[PDB]
*Asks:* 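My questions all concern the structure below.
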Amino acid sequence: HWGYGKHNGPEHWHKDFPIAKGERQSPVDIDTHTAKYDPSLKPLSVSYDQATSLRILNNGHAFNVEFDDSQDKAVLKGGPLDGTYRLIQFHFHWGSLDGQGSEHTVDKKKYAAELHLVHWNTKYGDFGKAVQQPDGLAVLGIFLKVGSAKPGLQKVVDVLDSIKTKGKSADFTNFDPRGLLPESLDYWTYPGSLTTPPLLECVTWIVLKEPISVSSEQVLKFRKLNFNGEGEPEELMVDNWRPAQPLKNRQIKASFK
Ligand SMILES: CCc1ccc(S(N)(=O)=O)cc1
Ligand SMILES: CCc1ccc(S(N)(=O)=O)cc1
Ligand SMILES: [Zn+2]
């Protein structure tokens, strides 16, 4: 199956997932000079006060913090979005070194990592139906740079030892994802896709301009995770990012002047 190695990585994905060469693939480079302020964008609303985290899972590609999405507990609305999008999970992509790891780039700059908060459009009833729609998902993307520690990330960092290998999970209740946000909600937005197989073109991307800072020690612990299962030869979970894809017939809009 697919992965991030030389023999199963992004250059190979198109053979089983032909949409990999599609018209609205993600991630993309964000050319800041070409992006245009869009006065039609409504204020962005991140409403995570009632978020109910459940579990953290190493899925062999990254780790997911999963949420109870059986009700409108944690939602994203406004901005480019019509209606209500419910938080289902977050995860990260990161590098083997601080100079790489993000999926989106900004004027070709790579960040050390990128956080994806994944939401589905409630008008479609469930996540599975949402990923059959052109406006099924909204992903809030946040860049990570290495500097001062992010206090709201430490609980995640500290549980990673318990989910080292593929298929391991742990209880992860009472985690507040608000602690992962930067101060500013200024963003860029464009229509795109999932950045891993099946690469479905269902996503409205909302990428925050302001990165969060995490410490070297925090990201080093991400890099101790394993792609492999227990008892198998160790393959460090690093460089689990897809590079930028052709922009094609798209415009990136900015929320800020
Ligand atoms: C838990 C982190 C956090 C940080 C700031 C806020 S707020 N927007 O100031 O109420 C809430 C929660
Ligand atoms: C279907 C699972 C899934 C959910 C989110 C992503 S991503 N990396 O946020 O585009 C990829 C895959
Ligand atoms: Zn992702």
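Note that the numbering runs from 1 along the sequence shown for the chain. Every number for a ligand or one of its atoms is a count from 1 in the order of the listing.
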*Asks:* Mark whether atom 1 (C) of ligand 1 lies under 4.0 angstrom from at least one protein heavy atom.
*Replies:* yes
*Asks:* At less than 4.0 angstrom from any non-hydrogen atom of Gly179, what atoms of ligand 1 do you find?
*Replies:* 2 (C)
*Asks:* Please verify whether a non-hydrogen atom of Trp120 lies at under 4.0 Å from ligand 2.
*Replies:* no
*Asks:* Tell me the protein heavy atom at minimum distance from atom 10 (O) of ligand 1, and give that distance in Å.
*Replies:* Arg178 NH1, 4.8 Å
*Asks:* Any nitrogen or oxygen of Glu103 lying under 3.5 Å from a nitrogen or oxygen in ligand 2? Just yes or no.
*Replies:* no
*Asks:* Using a strict 4.0 Å cut-off to heavy atoms of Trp205, name the atoms of ligand 2 that fall inside it.
*Replies:* 10 (O)
*Asks:* Can you tell me if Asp239 and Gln100 form a side-chain donor-acceptor pair at under 3.5 Å?
*Replies:* yes
*Asks:* Could you name the option among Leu199, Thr196, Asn240 that has the heavy atom nearest to atom 12 (C) of ligand 2?
*Replies:* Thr196
*Asks:* Which angle, to 10 degrees, forms at the Zn ion (ligand 3) with NE2 of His91 on one side and NE2 of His93 on the other?
*Replies:* 100°
*Asks:* Within ligand 2, which atoms have a heavy atom of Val118 less than 4.0 Å away?
*Replies:* 5 (C), 9 (O)
*Asks:* Name the residue from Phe90, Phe92, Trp205, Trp241 that meets the ring pair (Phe, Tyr, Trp, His ring centres under 6.0 Å) definition with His116.
*Replies:* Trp205
*Asks:* Any luck finding a side-chain donor-acceptor pair between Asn226 and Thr165 under 3.5 Å?
*Replies:* no
*Asks:* Should you measure from each heavy atom of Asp176, which atoms of ligand 1 turn up under 4.0 Å away?
*Replies:* 1 (C)
*Asks:* Do any non-hydrogen protein atoms sit less than 4.0 Å from atom 5 (C) of ligand 2?
*Replies:* yes
*Asks:* Determine whether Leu180 and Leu54 fall in the same hydrophobic cluster, where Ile, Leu, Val, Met, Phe, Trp and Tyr are linked whenever their side-chain heavy atoms lie under 4.5 Å apart.
*Replies:* no
*Asks:* Would you mind listing which atoms of ligand 2 come within a distance below 4.0 Å of any non-hydrogen atom of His93?
*Replies:* 8 (N)
*Asks:* If you measure only the distance, is there a donor-acceptor pair under 3.5 Å linking the side chains of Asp69 and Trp120?
*Replies:* yes
